[PDB]
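Worksheet for the structure shown next.
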Protein chains: 2
Amino acid sequence: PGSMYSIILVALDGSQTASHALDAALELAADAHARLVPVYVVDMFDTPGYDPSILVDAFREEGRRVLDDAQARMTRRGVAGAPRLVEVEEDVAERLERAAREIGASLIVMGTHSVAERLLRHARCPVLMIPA
Amino acid sequence: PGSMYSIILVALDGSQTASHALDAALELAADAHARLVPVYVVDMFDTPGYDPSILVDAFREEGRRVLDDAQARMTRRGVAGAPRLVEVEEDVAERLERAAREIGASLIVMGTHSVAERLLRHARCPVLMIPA
């Protein structure tokens with residue numbers, strides 16, 4: 001198989017439709033004999049009393065669970081690659097583009113039913129939309 | 001390879017970016033051992049003197065040339081499938097969705113840089129965007 005689809009990126013957030021997108025990205029990765037790289041985006045207020053560190057630990061912990069499940073799915077299907085935890089500074093769309101650049105992804109897979117509209121309007125890299 | 005990507009549809013109009021999308025759809029079709037179905041969309045005034053039949057013959061003829069080239073690319077790459085000429089009544093986006101339903105396509109491939117925004121906003125079927 002060529003390199004145009006050698007490395008596939010799929011954005012996860014724990015939602016059902018994102019999980020649905022993962023199953024689609026996996027199936028594509030297995031069919032095209034490609035590497036899959038699931039990413040969980042941690043997208044984190046400045047106020048008296050408020051402590052953002054509580055939610056940072058939370059979504060990171062949630063990311064661990066989500067990415068571990070993604071890894072488990074990949075292992076069973078025999079699909080190579082390793083899930084990444086990504087954190088925005090940025091907006092989610094750009095962070096996904098930065099992740100794609102640094103990982104070397106030639107394709108971004110997303111679950112849909114705005115960030116998708118962003119990535120499409122950007123047109124910086126091939127994007128695959130999977131509806132719920 | 002599974003059936004989730006057994007039949008791929010790619011929308012052509014003769015433009016460079018659509019041709020670029022065809023090369024991407026072909027590469028995917030070859031990697032996933034999938035059938036490719038390129039479609040050329042004929043999207044056709046009511047005025048005294050004006051004769052739409054002239055342009056109908058034209059874009060159909062242009063479609064023949066475009067689809068013949070697509071077939072030639074598929075044949076060389078050893079990719080199965082057969083190009084289709086489609087005509088709107090409808091809008092282009094819905095016509096592509098109707099074509100996907102009748103052909104049995106599980107994926108629609110498009111070249112981008114509105115119809116893409118439509119198909120995404122519709123979310124009736126998986127869509128792959130390839131930027132120029």
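Within every chain, numbering begins at 1; the chains are lettered A, B, ... in the order of the sequence lines, protein sequences first and strands thereafter.
Looking at A:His113, its side chain never comes within 3.5 Å of a backbone N or O of B:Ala123 through a donor-acceptor pair. Checking side-chain atoms of A:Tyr40 against main-chain N and O of A:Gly14 turns up no donor-acceptor pair under 3.5 Å. Under the 3.5 Å distance criterion, the side-chain polar atoms of B:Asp31 are matched with a main-chain donor or acceptor of A:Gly2.
The pair A:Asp69-A:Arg65 does not meet the salt-bridge criterion, since no charged nitrogen lies less than 4.0 angstrom from a carboxylate oxygen.
Using a 4.5 Å heavy-atom cutoff, the side chains of B:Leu26 and B:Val10 are not in contact. Here the side chains of A:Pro38 and A:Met74 are in contact, with some heavy-atom distance below 4.5 Å. Using a 4.5 Å heavy-atom cutoff, the side chains of A:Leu28 and A:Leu107 are in contact. Between B:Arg73 and B:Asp23 the shortest side-chain heavy-atom distance falls below 4.5 Å. Side chains of A:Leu36 and A:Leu22 form a contact here, defined as non-hydrogen atoms less than 4.5 Å apart. Contact of the B:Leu128 side chain with the B:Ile8 side chain is not registered, since no non-hydrogen atoms from C-beta on lie closer than 4.5 Å. Between B:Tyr50 and B:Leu55 the shortest side-chain heavy-atom distance falls below 4.5 Å. When side chains are defined from C-beta on, A:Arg64 does not count as touching A:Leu85, because their heavy atoms never get closer than 4.5 Å.
Going from atom CD1 of B:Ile108 over to atom CE of B:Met129 covers 9.5 Å, rounded to the nearest 0.5 Å. With rounding to the nearest 0.5 angstrom, the CD atom of A:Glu62 is 10.0 Å from the CG atom of A:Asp13. A distance of 10.5 Å separates CE in B:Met44 from CD1 in B:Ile54, rounded to the nearest 0.5 Å. Summarising the geometry, atom CD belonging to B:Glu90 is positioned 10.0 Å from atom CD belonging to B:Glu97; distances are rounded to the nearest 0.5 Å. Atom CZ of A:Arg95 is separated from atom CG of A:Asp43 by 11.0 Å, given to the nearest 0.5 angstrom.
Minimum heavy-atom separation, A:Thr17 to A:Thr112: CB-O, 4.1 Å. Taking every heavy atom of both residues into account, B:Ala11 and B:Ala18 meet most closely at O-CB, 4.0 Å. For the pair B:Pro131 and B:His20, the tightest heavy-atom approach, listed with the atom from each and the gap, is O-ND1, 3.3 Å. Contact detail for B:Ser106 and B:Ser6: the closest heavy-atom pair is OG-N, 3.9 Å.
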Q: Under the side chain to side chain contact (heavy atoms under 4.5 Å, CB included) rule, what do A:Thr75 and A:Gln71 come out as? Steps first, then yes or no, please.
A: CA-CA 6 Å; A:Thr75 296; A:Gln71 176 59 260; 3.1 Å; yes

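Around atom CD of A:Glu61, more than 12 heavy atoms belonging to other residues, nucleotides or ligands sit under 6.0 Å away.
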